[PDB]
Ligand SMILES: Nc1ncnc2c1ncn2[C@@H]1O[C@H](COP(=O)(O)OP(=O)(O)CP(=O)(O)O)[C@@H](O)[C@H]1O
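First, one chain by itself: the form solved without this ligand, in structure tokens.
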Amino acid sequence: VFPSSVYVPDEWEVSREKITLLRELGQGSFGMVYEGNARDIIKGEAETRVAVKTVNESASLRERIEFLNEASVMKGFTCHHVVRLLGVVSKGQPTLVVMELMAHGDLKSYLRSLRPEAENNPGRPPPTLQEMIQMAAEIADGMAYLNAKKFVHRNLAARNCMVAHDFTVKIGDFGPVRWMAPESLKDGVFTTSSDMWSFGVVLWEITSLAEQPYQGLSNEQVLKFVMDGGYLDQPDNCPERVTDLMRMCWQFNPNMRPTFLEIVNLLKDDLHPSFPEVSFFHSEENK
């Protein structure tokens, strides 16, 4: 077994010289991710802020190929609520995969920065109900898109959601006992329905400002607790509407949980005016 390189140097190929790296953003599944700038990568803008993925130096040839193969797959995604591919540098080493930059980082980090005791509090109040409903809809929309494209996330969590410069939340990377559905923990079965369970946990993270799920329980205890039918307690003074969403996501029977499109449908009337203009839900592709 050995993967063939499916990436085709096409319109997505970007000359290395157009990419300038500024700083490290953190380790990605394949290697260090950097914040950078790209010259003339998007029609209409002289330079674009970007995130640049690289592959570990210790990576095998096979892994380097898998890295590029994932980039090729991303050429087919065009959702506003899923972090998008902008370009690829496959000529020579190191291989670079250029993505749109999410200036505010992962959702977990962002949430924890809004905590009152946060040493890096931006001086802004925690998410309002309105902002939470908006985040829920954006995340659900991105997930609905992946589901339409026939992809199961398997790792949805606040740490894997990203926040843009205008605070739009998007699905980040994807191919964690505290985020897994009981059926997944029991039979290793992953579906869009188990993704829904994880979505509920993300809502819980949003309403608790990223507290650790089931804090106090070992991974061992969580495994039994969840498979026994137990679920997370509602965070203090959690908005009733978000609590209702969580409860739907945590139905023991996966068949009883809502779909991501149904989540967006439930929230559609309470979103920013721009939502219908950018969502998968309101696009002609949602059929």
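The numbering used is simple: start at 1 and walk along the sequence shown.
Check the entry and tell me how many residues of the deposited sequence have no coordinates between residue 175 and residue 176: none, 1 to 3, 4 to 9, or 10 or more.
10 or more residues are missing.
When the Cα temperature factors in the entry are averaged, is it 97-105 or 121-129 that ends up higher?
Per the PDB entry, the higher value belongs to 121-129.
If you take the mean CA temperature factor per stretch, which one wins between 226-234 and 256-264?
Higher mean C-alpha B-factor: 226-234.
Name the one of 217, 82, 148, 73 with the greatest CA B-factor according to the PDB entry.
Out of 217, 82, 148, 73, the record gives the largest C-alpha B-factor to 217.
Residue, from 243, 29, 251, 48, that the PDB entry assigns the highest Cα B-factor:
Reading the PDB entry, the winner on C-alpha B-factor is 29.
Hey, what third does residue 135 fall into on Cα B-factor, ranked over its chain?
Lowest third, going by the recorded CA B-factors of the chain.
Check where residue 141 lands among this chain's C-alpha B-factors and tell me if it's the lowest, middle or highest third.
Bottom third by C-alpha B-factor.
Just say lowest, middle or highest third for the CA B-factor of residue 195 relative to the other modelled residues in its chain.
Residue 195: CA B-factor falls in the lowest third of its chain.
Which third, lowest, middle or highest, does the CA B-factor of residue 154 fall in along this chain?
It falls in the middle third of the chain.
Ranking the modelled residues of this chain by C-alpha B-factor as given in the entry, is residue 62 in the lowest, middle or highest third?
Highest third - that is where residue 62 ends up once the chain's C-alpha B-factors are sorted.
Another form, the form deposited with this ligand bound, is not on view; read the next lines as being about it.
Is the site here open or blocked once this ligand, taken in the entry with it bound, is overlaid via the site C-alphas (blocked: 3+ ligand atoms within 2.4 Å of backbone or C-beta atoms)?
Judged by the transferred pose of this ligand in the entry with it bound, this form is blocked (3 or more ligand atoms within 2.4 Å of backbone or C-beta).
Check whether residue 26 has any heavy atom within 4.5 Å of a heavy atom of this ligand in the entry with it bound, and answer yes or no.
Yes, contact at 4.5 Å.
Quick one: does residue 105 come within 4.5 Å of this ligand in the entry with it bound, counting heavy atoms only?
Residue 105: contacts this ligand in the entry with it bound.
Would residue 53 sit within 4.5 Å of this ligand in the entry with it bound, counting heavy atoms only?
So residue 53 counts as contacting this ligand.
Close approach of residue 30 to this ligand in the entry with it bound, 4.5 Å, heavy atom
Contact with this ligand, yes.
Partner-contacting position among 83, 180, 136, 196 - heavy atom within 4.5 Å of this ligand in the entry with it bound:
Going through each option in turn, the one that passes is 83.
Within 4.5 Å, heavy atoms only, which of 76, 92, 116, 175 is in contact with this ligand in the entry with it bound?
Of 76, 92, 116, 175, the residue with a heavy atom within 4.5 Å of this ligand in the entry with it bound is 175.
Using a 4.5 Å heavy atom cut-off, indicate which stretch of 258-266, 40-48, 64-72, 220-228 touches this ligand in the entry with it bound.
After filtering at 4.5 Å, what remains is 64-72.
In sequence order, which positions of 159-182 have a non-hydrogen atom within 4.5 Å of this ligand in the entry with it bound?
Residues within 4.5 Å: 159, 160, 162, 173, 175.
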